[PDB]
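**Student:** One structure, as structure tokens, below. Some questions next.
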Amino acid sequence: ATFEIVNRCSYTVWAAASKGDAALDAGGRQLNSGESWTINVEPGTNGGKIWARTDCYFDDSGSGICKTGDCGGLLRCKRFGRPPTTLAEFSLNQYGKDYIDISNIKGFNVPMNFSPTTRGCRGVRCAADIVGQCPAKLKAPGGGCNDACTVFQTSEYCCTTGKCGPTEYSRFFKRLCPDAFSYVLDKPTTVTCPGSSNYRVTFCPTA
Ligand SMILES: [Cl-]
């Protein structure tokens with residue numbers, strides 16, 4: 001199924017859609033303000049994230065760097081990004097039931113929306129100004145709020161034991177985005193949908 005990845009910001013991002021060990025369709029392409037981009041995630045992709053990388057520079061070959069969502073310099077993102085990232089997590093068909101969700105488990109970088117394109121379900125969003133209303137010890141240097149996990153690296157933040165709960169750093173991403181995973185275990189905000197359904201991943205929605 002398809003995934004329109006719309007840039008709606010004022011600044012050029014570099015979208016990216018990948019899984020564990022493989023890119024999706026192409027991998028990730030530059031996006032001037034308003035540029036739309038269509039791809040086709042192979043049906044049955046478990047572990048599919050789409051995100052945006054800001055302040056990236058490249059060369060001909062396809063090898064550079066990104067202040068956010070960097071993934072080994074590979075414009076065509078094969079891996080997941082370097083943490084500080086708002087993710088459109090998804091797993092597709094999964095027993096005739098599709099699964100999508102925004103997440104601030106790996107921080108936040110870009111107000112995102114993950115609406116479905118069909119008549120299958122409602123979508124989600126994460127529009128609020130996190131990066132601005134950031135708590136001091138998260139506002140990353142580059143730009144964007146890292147997550148407590150990546151910043152501090154405690155079991156309580158990154159959830160190793162299995163038994164973890166909300167925090168003040170997780171209750172910041174919740175206060176602002178009530179419809180995205182703050183901590184790794186949060187009362188799932190996932191939305192289930194029909195299998196073989198398409199999606200719009202509008203970065204910077206509402207303007
Ligand atoms: Cl890091």
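If you're wondering about the labels, chains in the structure tokens are A, B, ... by order shown, residues count from 1 in each chain, ligands from 1 in order shown.
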I'd like the neighbourhood of residue 47 in chain A as a list in words, where a residue qualifies if any of its atoms comes within 7 Å (using only C-alpha atoms), though same-chain residues fewer than 2 positions away should be ignored.
**Tutor:**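 Near neighbours after the sequence-gap exclusion: residues 19, 45, 49, 90 and 91 of chain A.
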**Student:** Fewer than 3 positions away in the same chain doesn't count, so skip those; otherwise give me all residues within 10 Å of residue 24 in chain A, counting only C-alpha atoms, as a CSV table (one decimal) with N, CA, C and O atoms, in the first residue's frame.
**Tutor:**
chain,number,residue,atom,x,y,z
A,16,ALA,N,12.1,10.0,5.3
A,16,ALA,CA,12.7,8.7,5.3
A,16,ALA,C,11.8,7.7,5.9
A,16,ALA,O,11.1,7.9,6.9
A,17,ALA,N,11.8,6.5,5.2
A,17,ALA,CA,10.9,5.4,5.5
A,17,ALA,C,11.7,4.1,5.5
A,17,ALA,O,12.1,3.7,4.4
A,18,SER,N,11.9,3.4,6.6
A,18,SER,CA,12.7,2.2,6.6
A,18,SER,C,12.2,1.2,7.7
A,18,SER,O,11.2,1.4,8.3
A,19,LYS,N,13.0,0.1,7.8
A,19,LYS,CA,12.8,-0.9,8.8
A,19,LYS,C,14.2,-1.5,9.2
A,19,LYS,O,15.2,-1.2,8.5
A,27,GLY,N,13.9,4.9,-0.1
A,27,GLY,CA,14.6,5.0,1.2
A,27,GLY,C,14.3,6.3,1.9
A,27,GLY,O,14.0,6.3,3.1
A,28,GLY,N,14.4,7.4,1.1
A,28,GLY,CA,14.2,8.8,1.7
A,28,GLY,C,14.7,9.8,0.7
A,28,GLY,O,15.8,9.7,0.1
A,39,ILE,N,5.4,6.6,-2.2
A,39,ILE,CA,6.1,5.4,-2.1
A,39,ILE,C,5.2,4.3,-2.0
A,39,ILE,O,4.0,4.5,-1.9
A,40,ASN,N,5.7,3.0,-2.0
A,40,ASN,CA,4.9,1.9,-1.8
A,40,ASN,C,5.6,0.8,-0.9
A,40,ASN,O,6.3,0.0,-1.4
A,41,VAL,N,5.3,1.0,0.4
A,41,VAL,CA,5.8,0.0,1.4
A,41,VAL,C,5.2,-1.4,1.0
A,41,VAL,O,3.9,-1.5,0.8
A,42,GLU,N,6.1,-2.4,0.7
A,42,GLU,CA,5.7,-3.7,0.4
A,42,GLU,C,4.7,-4.2,1.4
A,42,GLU,O,5.0,-4.1,2.6
A,45,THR,N,5.1,-5.4,5.7
A,45,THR,CA,6.2,-4.8,6.4
A,45,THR,C,5.7,-4.6,7.9
A,45,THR,O,4.9,-3.8,8.2
A,48,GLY,N,7.7,-0.6,10.5
A,48,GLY,CA,7.9,0.5,9.4
A,48,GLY,C,7.7,1.8,10.0
A,48,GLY,O,6.6,2.2,10.5
A,49,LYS,N,8.7,2.7,9.9
A,49,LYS,CA,8.7,4.0,10.5
A,49,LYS,C,9.0,5.0,9.3
A,49,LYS,O,9.8,4.7,8.4
A,50,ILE,N,8.3,6.1,9.3
A,50,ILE,CA,8.5,7.2,8.4
A,50,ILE,C,8.8,8.5,9.3
A,50,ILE,O,8.1,8.7,10.2
A,76,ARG,N,18.9,7.6,1.1
A,76,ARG,CA,18.0,6.5,1.1
A,76,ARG,C,18.2,5.7,2.4
A,76,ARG,O,19.1,4.8,2.5
A,77,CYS,N,17.5,6.1,3.5
A,77,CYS,CA,17.6,5.5,4.8
A,77,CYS,C,17.4,4.0,4.8
A,77,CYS,O,16.3,3.6,4.6
A,78,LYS,N,18.4,3.2,5.1
A,78,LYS,CA,18.3,1.8,5.3
A,78,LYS,C,18.0,1.4,6.7
A,78,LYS,O,17.2,0.5,7.0
**Student:** Name all residues at most 8 Å from residue 148 in chain A (count only C-alpha atoms; drop same-chain ones fewer than 4 positions away) and give them as a list in words.
**Tutor:**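 Neighbouring residues, sequence-local ones excluded: residues 107, 138, 152, 153, 157, 158, 169 and 170 of chain A.
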**Student:** Let's have the selection written as a PDB file, in the first residue's frame, with N, CA, C and O atoms.
**Tutor:**
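So the final result, stored in out-v4.pdb, reads:
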ATOM      1  N   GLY A 107      12.156  10.679  20.954  1.00  0.00           N
ATOM      2  CA  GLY A 107      12.228  12.146  21.003  1.00  0.00           C
ATOM      3  C   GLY A 107      11.089  12.805  20.240  1.00  0.00           C
ATOM      4  O   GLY A 107       9.956  12.349  20.291  1.00  0.00           O
ATOM      5  N   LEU A 138      16.657  18.402  27.779  1.00  0.00           N
ATOM      6  CA  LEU A 138      16.271  17.596  26.610  1.00  0.00           C
ATOM      7  C   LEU A 138      16.549  18.363  25.312  1.00  0.00           C
ATOM      8  O   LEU A 138      17.080  17.778  24.364  1.00  0.00           O
ATOM      9  N   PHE A 152      19.845  10.204  28.796  1.00  0.00           N
ATOM     10  CA  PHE A 152      20.357   9.829  30.121  1.00  0.00           C
ATOM     11  C   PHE A 152      20.761   8.353  30.201  1.00  0.00           C
ATOM     12  O   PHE A 152      21.683   8.018  30.950  1.00  0.00           O
ATOM     13  N   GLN A 153      20.033   7.482  29.488  1.00  0.00           N
ATOM     14  CA  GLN A 153      20.313   6.042  29.396  1.00  0.00           C
ATOM     15  C   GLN A 153      20.154   5.377  30.769  1.00  0.00           C
ATOM     16  O   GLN A 153      21.122   4.931  31.371  1.00  0.00           O
ATOM     17  N   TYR A 157      14.048   4.855  31.945  1.00  0.00           N
ATOM     18  CA  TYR A 157      13.695   5.670  30.784  1.00  0.00           C
ATOM     19  C   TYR A 157      13.542   4.805  29.522  1.00  0.00           C
ATOM     20  O   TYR A 157      12.611   5.016  28.734  1.00  0.00           O
ATOM     21  N   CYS A 158      14.462   3.855  29.324  1.00  0.00           N
ATOM     22  CA  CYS A 158      14.575   3.091  28.085  1.00  0.00           C
ATOM     23  C   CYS A 158      13.800   1.770  28.165  1.00  0.00           C
ATOM     24  O   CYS A 158      13.590   1.120  27.149  1.00  0.00           O
ATOM     25  N   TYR A 169       9.771  13.495  32.180  1.00  0.00           N
ATOM     26  CA  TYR A 169      10.211  13.647  30.784  1.00  0.00           C
ATOM     27  C   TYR A 169       9.217  12.951  29.841  1.00  0.00           C
ATOM     28  O   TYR A 169       9.037  13.409  28.724  1.00  0.00           O
ATOM     29  N   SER A 170       8.564  11.874  30.300  1.00  0.00           N
ATOM     30  CA  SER A 170       7.479  11.211  29.552  1.00  0.00           C
ATOM     31  C   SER A 170       6.148  11.954  29.717  1.00  0.00           C
ATOM     32  O   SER A 170       5.311  11.907  28.820  1.00  0.00           O
TER      33      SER A 170
END
**Student:** Please identify every residue of chain A that has at least one atom no farther than 8 Å from an atom of ligand 1, counting only C-alpha atoms and all ligand atoms, and for each give the shortest atom pair and the distance in Å to one decimal, arranged by chain then increasing number, as a Markdown table.
**Tutor:**
| residue | atom | partner | partner_atom_place_in_ligand_line | distance |
| --- | --- | --- | --- | --- |
| A:82 | CA | ligand 1 | 1 (Cl) | 6.1 |
| A:83 | CA | ligand 1 | 1 (Cl) | 6.3 |
| A:150 | CA | ligand 1 | 1 (Cl) | 6.3 |
| A:151 | CA | ligand 1 | 1 (Cl) | 7.6 |
**Student:** Give me the range 91-156 of chain A side of the contact with range 197-200 of chain A, cut-off 9 Å, one line per residue showing its nearest atom pair and distance in Å at one decimal, counting only C-alpha atoms, sorted by chain and residue number, as a tab-separated table.
**Tutor:**
residue	atom	partner	partner_atom	distance
A:92	CA	A:197	CA	8.5
A:93	CA	A:197	CA	8.8
A:98	CA	A:197	CA	7.8
A:113	CA	A:200	CA	7.6
A:114	CA	A:200	CA	5.8
A:115	CA	A:200	CA	5.3
A:116	CA	A:199	CA	4.0
A:117	CA	A:199	CA	4.8
A:118	CA	A:197	CA	6.1
A:119	CA	A:197	CA	8.5
A:120	CA	A:197	CA	7.2
A:123	CA	A:199	CA	8.9
**Student:** Could you tell me which of A:175, A:43, A:35, A:25 comes closest to residue 8 in chain A if we count only C-alpha atoms?
**Tutor:**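 Looking at the shortest contact to residue 8 in chain A, the residue is A:35.
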**Student:** Looking at A:204, A:38, A:103, A:127, which one is nearest to residue 13 in chain A, with distances taken over only C-alpha atoms?
**Tutor:**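 Counting only C-alpha atoms, the residue closest to residue 13 in chain A is A:204.
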**Student:** What does the distance from CA of residue 108 in chain A to CA of residue 139 in chain A come to in Å, to one decimal?
**Tutor:**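 Interatomic distance here is 9.9 Å.
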**Student:** Pull the alpha helix (DSSP H) assignments for range 25-192 of chain A out of DSSP run on the backbone, and list those residues as a ChimeraX atom specification.
**Tutor:** /A:148-152,155-158,170-176
**Student:** Considering only C-alpha atoms, can you say which of A:130, A:101, A:14, A:53 comes closest to residue 81 in chain A?
**Tutor:** A:53
**Student:** So how many Å separate CA of residue 203 in chain A and CA of residue 75 in chain A, to one decimal?
**Tutor:** 17.7 Å
**Student:** For a quick check of understanding, using only C-alpha atoms, which of A:126, A:96, A:22, A:57 has the smallest distance to residue 80 in chain A?
**Tutor:**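 Between A:126, A:96, A:22, A:57, the residue approaching residue 80 in chain A most closely is A:22.
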**Student:** Taking into account only C-alpha atoms, which residue in the set A:52, A:1, A:180, A:124 is nearest to residue 195 in chain A?
**Tutor:** A:1
**Student:** Which residue is closest to residue 205 in chain A? Choose from A:176, A:184, A:149, A:9 and count only C-alpha atoms.
**Tutor:**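 Ranking A:176, A:184, A:149, A:9 by distance to residue 205 in chain A, first place goes to A:9.
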**Student:** Name all residues at most 7 Å from residue 85 in chain A (count only C-alpha atoms; drop same-chain ones fewer than 4 positions away) and give them as a list in words.
**Tutor:**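 So the residues in contact are residues 51, 68, 69, 106, 107, 108 and 109 of chain A.
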**Student:** What gap, in Å, lies between CA of residue 142 in chain A and CA of residue 86 in chain A?
**Tutor:** 14.6 Å
